[PDB]
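Colleague: Below is one structure. I have some questions about it.
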Amino acid sequence: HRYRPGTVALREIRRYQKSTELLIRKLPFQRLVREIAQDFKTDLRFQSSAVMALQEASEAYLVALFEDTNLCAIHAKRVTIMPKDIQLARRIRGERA
Amino acid sequence: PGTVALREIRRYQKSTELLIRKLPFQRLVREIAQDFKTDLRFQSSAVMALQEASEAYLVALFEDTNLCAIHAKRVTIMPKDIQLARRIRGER
Amino acid sequence: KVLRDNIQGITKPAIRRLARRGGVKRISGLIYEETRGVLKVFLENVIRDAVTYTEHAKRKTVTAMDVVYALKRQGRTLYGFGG
Amino acid sequence: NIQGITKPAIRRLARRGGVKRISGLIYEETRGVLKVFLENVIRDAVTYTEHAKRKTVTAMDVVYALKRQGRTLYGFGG
Amino acid sequence: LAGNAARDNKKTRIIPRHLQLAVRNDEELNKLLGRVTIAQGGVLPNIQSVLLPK
DNA sequence: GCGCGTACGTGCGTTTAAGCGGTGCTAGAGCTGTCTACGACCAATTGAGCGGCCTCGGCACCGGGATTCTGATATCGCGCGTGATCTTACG
DNA sequence: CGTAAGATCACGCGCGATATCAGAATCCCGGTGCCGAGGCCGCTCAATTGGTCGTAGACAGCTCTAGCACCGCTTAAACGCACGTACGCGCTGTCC
């Protein structure tokens, strides 16, 4: 049959909050890191542990940001996060101006 | 309604003089300190620095509260706005 | 002389002026008590740190330097009173 | 390159964050935010590496950078 | 607290997730590590009310 | 978008403790002279943690079986609407 | 006697909770292998003590200035009510 919209989302929330394995596949993230680094200095090498540290920190930061964004959306009687939610969250955090 | 609100906003954003009255604030600070340890005295400049910090903090908090209220298609700040602002700030 | 209920010394017009400097236009009734609570928490933390520094100094008087050090501890550095 | 951070990956990160419903423009906004964050952290890490006269950014550089930004990380030789 | 958690999760060896659970579930430790992200730590299970089915 | 309940603004009136100044008392901070305990270091001594190398196992994986959970449907129940029978009123 | 209004019973139609099927989740269990954890042995490298020196700190005494308290004065600041008006709450239509 068919699951009603919004149920598999909750199931995925339960599934992912119980696990700790990273959610961005390694190689695209690594290539993004190398691209970003290149603009600051040429011909650079990275220790795999450094890439893992970056990935851990970024993923944790994004998860926290999404938590705050979800709180913002809920504050507006909403259930879908929208760009304005992220902007407000970062603004209050003091990251964005 | 609401005109004098804007007038007051402009007036108090033009000036810098402190908004909380001096002697109630001093009494409150003395009480709070008393509960942490008895028989404390204060340099008046220490009280003034405490008041400056408190007022700056409260004005920034109110800015964030107003930002939260606008986010909810509202114009009046309400306690849940402050709670959201402090949560997002990482305060407890 | 005993001190009691001074937190109400933060009168409604004062909190209102503060919000005005914060750009707020319309203020709900319940805001005032929440603001008093927030102010009390902030003062408790700052004065806890300041009184700790004062105790280490073995002084019976709290100095502005103590307040400035406490504020710098809380990631709320302040200029204009030394340090 | 930046697009390699796939929409569904952002969906997984949000799910772990507790989000139920996601907007279309979110994905791109998240890509921008992640770009900025990586930019700052990697800038600091490189800065350290340059000062170390090494062509190989180390994990210690990343840890020190994250500490600078008030985002301390554990598990890589703190 | 981490050993307690590992017992609750029925494991003999502590892994990061146990440390994360012990820290975040504990109020004072969570406050102390307020600006620390623990590698392979994950998050606590927490679903907002309004997101739950009716 | 529409419709309804209402919190509190301005103004007015009333009342009060917050700043100035004036005096008076003074607590412990700040600045000189005495006196004394102890850690860096050098020699010499001794011993413990890190690493190399062995040994061992709690859990992942596979595969299978058993217990649970939404979506759909349908009966029981309750509530609303209509007709038939009994009752009362009028003609 | 005959017609019209009202109460109750029977029958029919509509909204809500809760018995059942069924595919997808989730948990438990038999049996195997492994890379990480644990222990023993060497080896440097680390920790401790005999004994010295200047250095910092503790102590005591003289000096006093803003810290504290009250009195009187003046007045800007704070609190209660009429009200009505825009704001908050709730229901509803549309389609993104």
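Colleague: Please enumerate the residues belonging to region B:4-22 that are over 11 Å from C:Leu18 (Cα atoms), within 8 Å of another protein chain (Cβ to nearest Cβ) and in a helix (DSSP H, G or I).
Modeller: Result: B:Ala5, B:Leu6, B:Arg11.
Colleague: Among the residues of region C:8-33, which ones are more than 9 Å from DNA strand G (Cβ to nearest atom) and farther than 20 Å from B:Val29 by Cβ?
Modeller: Hits for region C:8-33 are C:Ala19, C:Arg20, C:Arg21, C:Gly22, C:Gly23, C:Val24, C:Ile27, C:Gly29, C:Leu30, C:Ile31.
Colleague: Given the criterion over 17 Å from A:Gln38 (Cα atoms) and among the hydrophobic types (A, V, I, L, M, F, W, C), identify the matching residue among D:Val46, D:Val33.
Modeller: D:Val33
Colleague: Now for a separate question. Residues in region C:36-59 that are within 13 Å of DNA strand F (Cβ to nearest atom) and either under 26 Å from C:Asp5 (Cβ atoms) or touching a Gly at 6+ places or on another chain (Cβ under 8 Å) (or both): how many?
Modeller: Matching residues across region C:36-59 total 1.
Colleague: Here is a further query. Taking the stated definitions as given, is B:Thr3 hydroxyl-bearing (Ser, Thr, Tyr), more than 20 Å from C:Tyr32 (Cβ to Cβ) and more than 13 Å from DNA strand F (Cβ to nearest atom)?
Modeller: Here the answer is no, as B:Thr3 does not meet what is asked.
Colleague: Can you confirm whether C:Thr35 is more than 23 Å from B:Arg86 (Cα to Cα) and of a type outside the set (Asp, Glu)?
Modeller: So C:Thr35 fails the test.
Colleague: Does region E:4-16 include one or more residues that are within 12 Å of DNA strand F (Cβ to nearest atom), out of contact with any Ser or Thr (no Cβ under 9 Å at 6 or more places or on another chain), of a type in the set (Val, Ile, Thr) and without any contact (Cβ under 8 Å) to a residue 24 or more places away in the chain?
Modeller: Yes, there is a match, as at least one residue in region E:4-16 is within 12 Å of DNA strand F (Cβ to nearest atom), out of contact with any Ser or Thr (no Cβ under 9 Å at 6 or more places or on another chain), of a type in the set (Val, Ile, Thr) and without any contact (Cβ under 8 Å) to a residue 24 or more places away in the chain.
Colleague: Follow-up question, since we're still on this one. Across region C:19-34, what is the number of residues that are more than 7 Å from chain B (Cβ to nearest Cβ) and more than 10 Å from DNA strand F (Cβ to nearest atom)?
Modeller: Selection size over region C:19-34: 1.
Colleague: List, please: which pairs have Cβ atoms under 6 Å, are six or more places apart or on different chains, and start with a residue in region A:23-41 that is under 23 Å from E:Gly41 (Cβ atoms) and end with one that is in a helix (DSSP H, G or I) and polar (S, T, N, Q)?
Modeller: From residues that are under 23 Å from E:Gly41 (Cβ atoms), the pairs are A:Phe29/A:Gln55.
Colleague: How do the helices (runs of 4 or more DSSP H) wholly within chain E filter down when requiring 2 or more residues that are within 27 Å of A:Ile24 (Cβ to Cβ) and within 12 Å of another protein chain (Cβ to nearest Cβ): which remain?
Modeller: Ranges flagged: E:16-25.
Colleague: Next question, about the same structure. Kindly list the number of the only condition in (1) farther than 18 Å from C:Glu33 by Cβ; (2) within 11 Å of DNA strand G (Cβ to nearest atom); (3) of a type in the set (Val, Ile, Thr) that fails for B:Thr76.
Modeller: (1)
Colleague: Continuing with the same structure: Within region B:8-46, can you find the residues that are away from DNA strand G (no atom under 12 Å from the Cβ), surrounded by 13 or more Cβ atoms within 10 Å (Cβ to Cβ) and among the charged types (D, E, K, R)?
Modeller: Hits for region B:8-46 are B:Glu8, B:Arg11, B:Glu31, B:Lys37.
Colleague: Please name all residue pairs, on different chains or six or more residues apart, with Cβ atoms under 7 Å, provided the first residue is in region D:3-18 and is more than 13 Å from A:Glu59 (Cβ to Cβ) and the second residue is among the aromatic types (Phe, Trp, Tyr).
Modeller: The qualifying pairs are D:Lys7/D:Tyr27.
Colleague: Quick one: B:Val47 ticks every box in (1) in a helix (DSSP H, G or I); (2) closer than 15 Å to C:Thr52 by Cα except a single one, so which number is it?
Modeller: It is condition (2) that B:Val47 fails.
Colleague: Contact list please: Cβ distance under 8 Å, first residue in region A:78-93 and facing chain D (nearest Cβ under 7 Å), second residue of a type in the set (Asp, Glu), pairs at least six apart or on different chains.
Modeller: Close Cβ pairs satisfying both conditions: A:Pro83/D:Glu29; A:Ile86/D:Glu29.
Colleague: Which one is nearest to DNA strand F (Cβ to nearest atom), of the residues in region B:38-54 that are within 7 Å of another protein chain (Cβ to nearest Cβ) and farther than 13 Å from C:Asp66 by Cβ?
Modeller: Result: B:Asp39.
Each value in this text was obtained by applying a stated rule to the coordinates, not by laboratory testing. We place every Cβ from the backbone using ideal geometry, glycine too, and count neighbours over all the protein chains shown.
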